[PDB]
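Commentary on secondary and tertiary structure
Next come the chains, spelled out residue by residue.
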Amino acid sequence: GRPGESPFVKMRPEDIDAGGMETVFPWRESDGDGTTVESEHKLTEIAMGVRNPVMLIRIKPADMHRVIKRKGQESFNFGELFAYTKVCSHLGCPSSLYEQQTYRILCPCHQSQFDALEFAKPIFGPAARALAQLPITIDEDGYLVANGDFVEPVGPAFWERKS
Amino acid sequence: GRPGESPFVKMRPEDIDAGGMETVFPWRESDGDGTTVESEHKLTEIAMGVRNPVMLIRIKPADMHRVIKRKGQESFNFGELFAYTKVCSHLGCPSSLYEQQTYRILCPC
Amino acid sequence: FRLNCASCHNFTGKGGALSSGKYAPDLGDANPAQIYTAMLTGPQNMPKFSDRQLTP
Amino acid sequence: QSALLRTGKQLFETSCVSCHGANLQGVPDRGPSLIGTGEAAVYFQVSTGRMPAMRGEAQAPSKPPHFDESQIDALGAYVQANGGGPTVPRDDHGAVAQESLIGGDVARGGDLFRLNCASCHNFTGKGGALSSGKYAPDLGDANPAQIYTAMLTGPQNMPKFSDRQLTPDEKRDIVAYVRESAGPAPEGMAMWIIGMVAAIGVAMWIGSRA
Amino acid sequence: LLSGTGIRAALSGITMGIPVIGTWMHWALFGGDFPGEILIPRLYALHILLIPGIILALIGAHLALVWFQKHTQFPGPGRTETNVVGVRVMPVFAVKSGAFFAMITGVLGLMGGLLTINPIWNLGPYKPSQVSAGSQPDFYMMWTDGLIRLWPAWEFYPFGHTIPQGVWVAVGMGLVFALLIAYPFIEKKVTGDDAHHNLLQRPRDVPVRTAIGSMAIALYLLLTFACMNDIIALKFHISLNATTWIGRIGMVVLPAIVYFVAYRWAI
Amino acid sequence: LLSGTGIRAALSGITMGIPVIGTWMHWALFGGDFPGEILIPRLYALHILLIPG
Amino acid sequence: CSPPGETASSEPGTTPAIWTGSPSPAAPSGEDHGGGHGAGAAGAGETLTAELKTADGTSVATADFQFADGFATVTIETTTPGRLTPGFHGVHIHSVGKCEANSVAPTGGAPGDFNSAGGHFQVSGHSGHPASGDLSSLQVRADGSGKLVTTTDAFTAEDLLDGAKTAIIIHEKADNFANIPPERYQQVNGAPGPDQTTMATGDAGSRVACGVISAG
Amino acid sequence: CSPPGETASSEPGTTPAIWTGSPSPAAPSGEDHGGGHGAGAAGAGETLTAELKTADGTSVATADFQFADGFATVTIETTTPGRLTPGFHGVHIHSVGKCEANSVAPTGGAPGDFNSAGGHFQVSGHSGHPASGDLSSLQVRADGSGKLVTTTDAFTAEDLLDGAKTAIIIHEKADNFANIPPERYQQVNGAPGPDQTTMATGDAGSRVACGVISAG
Ligand SMILES: CC(C)=CCC/C(C)=C/CC/C(C)=C/CC/C(C)=C/CC/C(C)=C/CC/C(C)=C/CC/C(C)=C/CC/C(C)=C/CC/C(C)=C/CC1=C(C)C(=O)c2ccccc2C1=O
Ligand SMILES: CC(C)=CCC/C(C)=C\CC/C(C)=C/CC/C(C)=C/CC/C(C)=C/CC/C(C)=C/CC/C(C)=C/CC/C(C)=C/CC/C(C)=C\CC1=C(C)C(=O)c2ccccc2C1=O
Ligand SMILES: CCCCCCCC/C=C\CCCCCCCC(=O)OC[C@H](COP(=O)(O)OCCN)OC(=O)CCCCCCCCCCCCCCC
Ligand code: HEC
Ligand code: HEC
Ligand code: HEC
Ligand code: FES
Ligand code: FES
C-alpha cells in the first residue's frame, strides 16, 4: 500500500502461510519501482488492469488431498499454491472474499461462491463459469512467477467465448 | 523543448550573444530533471507558472550606452544581460516579441 | 518553435506584425538552409540564436 | 551453540539489561529475573504476541516483534544457558515447530480448553477481560508454537501449565482447538421512512381526504 | 470504489454479455475496455445535460398534459366525469403548492444536514482489485441488482459462443419496462374499457388491478431486499445462502401470495 | 495556445483590473491564481449546461 | 447448459519446473549495460571479480579488477575476518590463472599456490622491471581485513584478456625490492647487486592466497 | 497617470557580485551528507581523495581511497601520460602527510619526498610486521598509467584520521621484501637475516611521487 513508490514488490512462496490469500499483480522487471516517470505509468496500468489482479491461495496441506483439477490446469498449481483470477466469472467484480477451512472464494457483488479446492468452479450464486487459473511456479531465487498465461479468457464471459 | 526529460537546464552568460533573447525559468537544484515522479511535477509547476517565465536579453555593447535604469534596478543587470519578465504588464500576456536594433519588447495580445 | 519562434511569426509559421513598419515574414518560402541561417544570424529585429543557445 | 549464546548477549545487552540487568538478573520494580524462564518463555514474548512494553503497564500489546526468528533463538539460548528452563518445541530440521504442535484431538483439544484456559479467554478463542488493567488476548494471531509457549511459560497473570500439568500431547491438542476455532441500503430506508413519510404526511395535511 | 464496482458489474458485464452486439455496445460506450479514459466524461455529459434535458422536456409535456387534460378526481358529492371540483389556481392552490414546495425542500435540507449520504471519502478511489461487501446501488436500481443476484445462474453456450446470465437480467429489465409502459393499453385490451374516464376509481373498487399492483410491488420489494441480502444476512442473522434462496423462491411465491391477499382484501 | 492566451488576457487581466472586487472575482472564478485547475471544468459546465439552458 | 470443458480428475499433474525466463527480444531489447571499457581484446568489460582461496578450499580474499574510464578501478576485500595474520601479505599478478593448492609449471619444486608460469606476469612486450605482474604489500592487522588500492596500470583490460587466465596471488612478504642498495649491502656471493629472483617478482615463503582473475 | 516609481538617471550601479547560495534550512531538515561510512574518528566519510605531486610541482598521480562497508576501496589515476617510467614503483603509506619536495623528520639527509616520520605508517598499536603503512605497488608500462588494487586494511577510516595527516609515497622500486631468504642469501656482514630498514618499509632510490591523503 506504499503511496506511489515501489507499489509492486516481488513475492516468494514462503511469504504466504497455509490458509492465506494474497492479491498479486503481473509485475515485470522492466516495470520497476514507481520512482521514474516511465515507471508509475506501467505500474498504474498494472494496478488498473481489469483482468490483472489475481488471488494466490495457499491450500492447507491437510486439505490438499481434496483438490480436484481442471482439464489442462492440473500442473498449474505450484505445490500448495493456487493462483485464481480475482475477477468474478459473472459480471467481473473481484471475488476477493476468501473463506479458509471452507475454501470458498466469494464475490461481494452478487454472492457467488467458487470452490477453490476443486478448480474454482461456482458452487453458488449467479456465476456459472469457473475462475481462470493462472499457471505459477518459482524462477531462480525462488520468486513466484506465472508459468504461462490463462488457458481461457479471464474476465466475464461474452458472445465470442468458449472457442 | 525536450519532451519531458531534463526540460530545464542550467544556463551560462556565454550561451547568449549580443542581440539575443532566451526564455528562462526559475530552476532549482532540488527541481532536478524530470526523470523522477517527485520531479516532473516541480518542473511542470515551473513551466506552468504564470509569473515564472522571464526573457534574458543581451544588450549589444555598442548600445549599452543608451540604457537608462530604474530606481533600485540599476545593478540588476549583469553586465550586458537584462532579465525582464515576459508577462506583459497589461493583462499578463507574454511579451515575447523582442526586436533587436530597436530594443523593443512587443506583446502580441 | 512555439517557445521561441511563434512569439512573433505564428503558431504554424505564418507571418506576424512588429512594432512600427516591421513584420515577421511567412516561413513557407524558406528552405532548410535559409531557416537554419536565419536562426544562426539575427537579420533585423530577430534575436540572434547562437549555436550555444540553440545547438545545431 | 557458541554463536547463539554470543549473539544473544549482544542483543540482550542492548534491549533488556534495563529491566533484567547483566546475566538475566531482574532490575527491582522494572522487570523480573530471567533465570529459569528459559527459551520457550523468551519464545512467548519476543517470538510470540506479547513482546514486553517499555512503558510499564498491567498488560502489553502483542506489539510487532522487535527481533527476527534467528535473533529470537539467539536471545532465547542466552537465557536458557544463563538460567536453565523450558525450551521451545522444535521440529526435526531445528526450526520452531508449528504444524507438529497441531494436536490430533480437537474434540478433546477443546474439552481441555474449556476446563483449562477457556475461561480467561473465550470459548471461541476471543479475548476475555481479567484482573487489574489485565485482559486475556484473542489467540487468533498466535501460531502453534506461540500457543504451546503461552501454556508452558505462563506469561503474565496467565496460569503456567507445566508439561506434567498439561502433557506435551494435550498442549498440541489445545493448539488444535485454539487454531481450528480461529451507504445505499441504510440511505434508501432512511429516505423511505424519514423523508418520504414526512412528505406524504405533509401532503395529507395540506390536501384533503375524499 | 462502491459506485465504480457497481458500474463494473452492471454497465460492463451486462452490456458485454449481450449476445449479438454486447461487446460492441460495451466498446462504443466505454471507448474501449472497461476502464476506458472517457467513461466518466461521457456519463457527466449524459447526467448534467443530455438525460436531465430529456427529463425536463418530458416533465414539461407531463405538466402541460395534466394542465390541459384537466386533472381527474375521485367520485364525490358534486364530482362528475364532466367537471372538476376543487379550488382555483390563484388564491388557494398556488399558495398551498408553493408552501408544499417549501416544506419538501426543508425536509430535503434537513436530511442533507442530519443524515450522511454517500461518504465517498470513506469509499476509497476505484481500483479494479479492491471491493467491499456491501456493493449495492441506490434503492431505485436495487431491484435490478436483486434480479441479478437472484436469477439462478442459467447460461447457454451455442455453437462456439456463450450467453451469460447477464442477458437474463437485461431481458428481465426490458420486459419490466415494456410492461410498465404498455400497461394501460394492455389493461384496455384485456378488460375492454375505452370509455373516456375522468373519475378515478378507488383501488378497492378494482380488485384485479389493485391485486396486480400489489403483486408487482411485492416482487419489487422482494428484489430490492434481495439486493440488500448481504447486509440483511449480516445484521439480521440469516445465512447468505438462505437469503438468496428465500428471494429465489419468493419471487414466484410472494407475488402470488400478495396477489391473492390483495384481491381478497379489496373485495 | 490561442484560446488560452485569449483567456489569460480578457478574463484574468480584466477581472483582476476591477478596483474593489477584481482580485476576488478572479479567485472566485478560477478558484485561485489564473491557471487554477478548475477553470476548464467550470467553463465546460457553463458552456454545455448553464448558458445553453 | 454447463461450460464445455471442466472436471478433469485424471492426470494428477506434475510440479512446475523452475522458471528460466528468456531474455527480452528486439521488442523489449532494452537491457542494463554490463560495463563500459576500452576492451582492447575479445571483450571483458568494466566488471570482473575473483575469489582468492586458501589451500583448504576456503575463501581468503575477494579481488575485483575492471577498467572504468581507460584505467582499472579495482578493489579487494578480505572474505574472512582472520585470513591474513597481523602483517603484510605481498600481492602479485601471476600469468597462470590456475589457483591450485600447489603446482609447478617448470621442472622443480611445487610451492603452495605456485601455479604461476614464472614470477610477475608482466606485459607481452615487457619482461624487465616489475611490470603490472608485480604488486606490493597489503596489510591485515589483528582485525584481519584487507582493503587498499594503488595505481598499477602497465597493462589494461586488453592485456588481462591474454592467452592464459591470470591470477592474484598473495604471499607472506612485504614490498622492498632490494631496499639494501649495493653501496652498503652485499649478497651471499659478495656481489653488491641484487637477486634476479627477488627483482623479477615478490618472492616469499609459502603462498597464502591465490585467485584466478578470469571473472572468478 | 504615470506610475509612482520610475526612472533613475544617477547611481549608475555596480556589477552584481558572484552569487553564493546558502544551504536550504527549510527544504532540508539538516545538512545533506555524501559518502556513508562508519568513520570511527572525528569523521572522514566514504570520500577521500589526494593528489601526489612531483618535485617540480607536477601532478604525478591522483589517488582516492574511502571506506564503504568496513573495507576501504581505493583507486589511483595517472595524472600524466608519462609520470612513471617503463618499470615498477613501490607505494608506501607515510605517517607524515606533508608531500613536500624534500624533508627530513630525523637528524640526517633529507631524501626527496621523505617527509615521513619513519618508515611505513603502521597502526598506533602495531609497529612490527608491515602494517597498513605499506600500500600496493604501481607498475608503469610504456603507456605510463596507474590503475590497480590490493587488500590492505590493517587501518580503516577511523585510523586514517590520526594525529597527523598521512600520505602515499611512491618510489621507483619493485616489491620483494628480502625475497632472498637466509637459507641461500647472506647480508653484507655475513648474517643471513634481512635488513631492518628494508623490512620496515619499501626502500628505494629518490621518491618519485608523494601525495597527502588528508582529502588532498
Ligand atoms: C430477499 C429476502 C427478503 C430474503 C430474506 C431475509 C429477510 C429480509 C428476512 C426478514 C428480516 C427479519 C424481519 C429478521 C428478524 C428475525 C425474524 C425473521 C423474525 C420473524 C419475522 C416475522 C414474521 C415477525 C412477526 C412480526 C414482524 C413482521 C416483525 C418484522 C420485524 C422487522 C425487522 C421489521 C422491519 C423490516 C426490516 C427493516 C428489515 C431489514 C431490511 C433493511 C434493508 C434494513 C436497512 C438498514 C440496515 C441494514 C442498517 O444496518 C441500518 C443502520 C442504521 C440506520 C438505518 C439502517 C437501515 O435502514
Ligand atoms: C449550501 C447551499 C448551496 C444551500 C442551498 C441548496 C441549493 C443548492 C438549492 C436550494 C436553495 C433554494 C433556492 C431553496 C428554495 C427553493 C424554492 C424556490 C422554494 C419556493 C417555496 C417557497 C419559498 C414558498 C414561500 C411560501 C409562499 C408564500 C408560497 C406561495 C407563493 C409561491 C412561492 C408559489 C410558488 C408556486 C410554484 C411551486 C411554482 C413552480 C413552477 C413549476 C416548475 C411548475 C408549476 C406547476 C405546479 C407547482 C404543479 O403542481 C402542477 C400540477 C399539475 C399540472 C401542472 C402543474 C404546474 O405547472
Ligand atoms: C408482477 C406481475 C407481472 C406484471 C403484470 C402487468 C402485466 C399486465 C397484467 C395482466 C395481463 C393478463 C390479464 C389476464 C388476461 C385474460 C385472459 C383471457 O382468458 O381473456 C379474458 C379477457 C376478458 O374477456 P371477457 O369478455 O371479460 O370474458 C371473460 C372470460 N372469463 O378477454 C380479453 O378480452 C383479452 C384477451 C387477451 C389478453 C392479452 C393480455 C396480455 C397481452 C400481452 C402482454 C404480456 C402479459 C404479461 C403477463 C404477466
Ligand atoms: C521578433 C522575434 C523573432 C523570433 C524570436 C524569431 N523570428 Fe524569425 N523573423 C523575425 C523577423 C523580424 C524576421 C525578418 C528578418 C529579415 O527580413 O531580415 C524574421 C525572419 C525569419 C525567416 C526568413 C523567412 C524568409 O522567407 O525570408 C525565417 C526562416 C525565420 N525568421 C525563422 C525563424 C525561426 C526558425 C525562429 C526560431 C526561434 C525564429 N524565426 C524566431 C522575427 C523573429
Ligand atoms: C520496560 C522494558 C522491557 C524491555 C525492553 C523488555 N522487558 Fe522483558 N519484561 C518486562 C516486564 C515489566 C515484564 C513482566 C510482564 C510479564 O511477566 O510478562 C517482562 C517479562 C519478561 C519475561 C517473562 C518472565 C516470566 O516468567 O513471567 C521474559 C522471558 C522476558 N521479559 C525477556 C525479555 C527479553 C529477552 C527482552 C528483550 C530482548 C525483554 N524482555 C525486553 C520489561 C521489559
Ligand atoms: C486467567 C487464566 C488463563 C489460563 C488458564 C490461560 N490463559 Fe492465556 N492468557 C491469559 C492472560 C491474562 C494473558 C495475558 C498475558 C500475556 O499475553 O502476556 C494470556 C496470554 C495468552 C496468549 C498471548 C499471545 C496472544 O495471542 O496475544 C495466548 C496465545 C494465550 N494466552 C492462549 C492460551 C492457551 C492456548 C491456554 C491453554 C491451553 C491459555 N492461554 C491459558 C489468561 C489465561
Ligand atoms: S459480480 Fe461476481 S457473482 Fe456477480
Ligand atoms: S496583453 Fe495587452 S499589452 Fe500585453
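Conventions used here
- Residues numbered from 1 in each chain as written, not as in the entry; some residues may be left out.
- Chains lettered and ligands numbered in written order.
- Part of a larger assembly, values for the part shown.
- Heavy atoms only, no water.
- Residues with missing side-chain atoms left out of burial classes, pairs and counts.
- Helix = DSSP H or I, 4+ residues; strand = E, 2+ residues; numbered from the N terminus.
- Rg over C-alpha atoms; globule rule 2.2 N^0.38 Å.
- Contact = heavy atoms within 4.5 Å.
- Areas by Shrake-Rupley, 256 points an atom, 1.4 Å probe, with all protein chains shown as cover.
- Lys, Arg positive; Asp, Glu negative; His and termini not counted.
- Charge placed at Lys NZ, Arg CZ, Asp CG, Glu CD.
- Pairing = 2+ DSSP bridges.
- Nonpolar A, V, L, I, M, F, W, Y, C, P; charged D, E, K, R; others polar.
- Polar contact = N/O pair within 3.5 Å; in protein donor to acceptor, adjacent residues only side chain to side chain.
- Disulfide = S-S within 2.5 Å.
- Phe/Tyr/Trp six-rings, centres within 6.5 Å; stacked < 30°, edge-to-face > 60°.
- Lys NZ or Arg CZ within 6 Å of the ring centre and 35° of its normal.
- Least-squares fit on C-alpha atoms.

1. Observations regarding the overall build of chain A
Scanning chain A for helices and strands turns up one helix and 10 strands. Counting from the amino terminus, chain A carries its helices and strands in the arrangement β-α-β-β-β-β-β-β-β-β-β. Against the 2.2 N^0.38 benchmark of 15 Å for 163 residues, chain A shows a C-alpha radius of gyration of 16 Å, consistent with a compact globule. With the principal axes as the frame, chain A shows a C-alpha extent of 45 × 40 × 30 Å. In chain A, once contacts between residues fewer than 6 apart in sequence are set aside, the share between residues at least 24 apart is 53%. By element, 49% of the accessible surface of chain A is carried by carbon and sulfur atoms, the whole surface being about 6600 Å². Across chain A, 18 positive and 23 negative side-chain charges occur, with their mean positions spaced 8 Å apart.

2. Here's the deal with the sheet that holds strand β2 (residues 54-58) of chain A
All names here are of chain A. With antiparallel pairing, the four strands of this open sheet are ordered in space as β1-β2-β3-β8. What marks the edges here is a single partner per strand, and that holds for β1 (20-24) and β8 (133-134). When β1 meets β2, the two strands line up antiparallel, connected through five bridges. Among the inter-strand pairings, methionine 21 is bridged to a residue of β2, identified as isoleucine 57.

3. Points about the interface of chain H and chain G
Taken together, the contacts link 48 residues of chain H with 48 residues of chain G. Those elements that provide at least two residues to the side of chain H that touches chain G are β3 (72-78), β4 (87-94), β5 (138-140) and β6 (148-150) of chain H. Here the element with the most residues in the side of chain H that touches chain G is β3 of chain H; it accounts for five residues. Each residue belonging to the side of chain H that touches chain G can be placed in one class, and the counts come to 20 nonpolar, 20 polar and eight charged.

4. Considering the side chain of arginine 129 of chain A
Take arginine 129 of chain A: it is sitting in the loop between β7 (121-124) and β8. One polar contact links the side chain of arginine 129 of chain A to the main-chain carbonyl oxygen of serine 89 of chain A, over a distance of 2.4 Å. Separated by 2.6 Å, the side chains of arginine 129 of chain A and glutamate 155 of chain E make a polar contact.

5. Here's the deal with the state of the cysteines
Two residues share a disulfide in this structure: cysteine 93 of chain A and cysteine 109 of chain A, whose sulfurs sit 2.0 Å from each other. With the S-S dihedral at roughly -75°, the linkage between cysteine 93 of chain A and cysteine 109 of chain A falls on the left-handed side. Here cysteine 93 of chain A is found in the loop between β3 (81-85) and β4 (97-99), whereas its partner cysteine 109 of chain A is found in the loop between β5 (104-107) and β6 (112-115), with 16 residues between them in sequence. Residue pairing for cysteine 93 of chain B: its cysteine sulfur links by disulfide to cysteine 109 of chain B, the two sulfurs lying 2.0 Å apart. Between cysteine 93 of chain B and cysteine 109 of chain B, the disulfide has an S-S torsion of -65° and is therefore left-handed. Remark: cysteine 109 of chain B occurs in the segment after β5 (104-106) and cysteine 93 of chain B occurs in the loop between β3 (81-85) and β4 (97-99); sequence separation between them is 16 residues.

6. A few points about the packing of aromatic side chains
All names here are of chain E. Between the aromatic rings of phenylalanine 139 and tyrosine 140, the centroid separation amounts to 5.4 Å while the plane-to-plane angle is 70°, which identifies the pairing as edge-to-face. A network of ring pairs unites the aromatic residues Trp151, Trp154, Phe156 and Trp168 as a single cluster. A cation over an aromatic ring shows up here: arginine 8 above the ring of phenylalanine 34, its NZ or CZ 5.1 Å from the ring centre.

7. So, the relation of the copies chain H and chain G
Aligned on chain G, chain H shows an RMSD of 1.0 Å; the corresponding rotation is 180° and the shift along the axis is 0.1 Å. Viewed as a symmetry operation, the transformation between the two copies matches a two-fold axis. When each C-alpha of chain H is compared by its distance to the rotation axis, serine 136 of chain H comes out closest, at 1.3 Å. The residues that chain H uses at the interface reappear at the interface of chain G in 96% of cases, marking a shared surface.

8. Concerning the arrangement of the chains
Contacts are most numerous between chains G and H, considering all 11 pairs of chains that are in contact. Chain G makes no contact with chain B, the minimum C-alpha separation between the two being 17 Å. Separating chain F from chain G is a minimum C-alpha gap of 36 Å, and the two share no contact.

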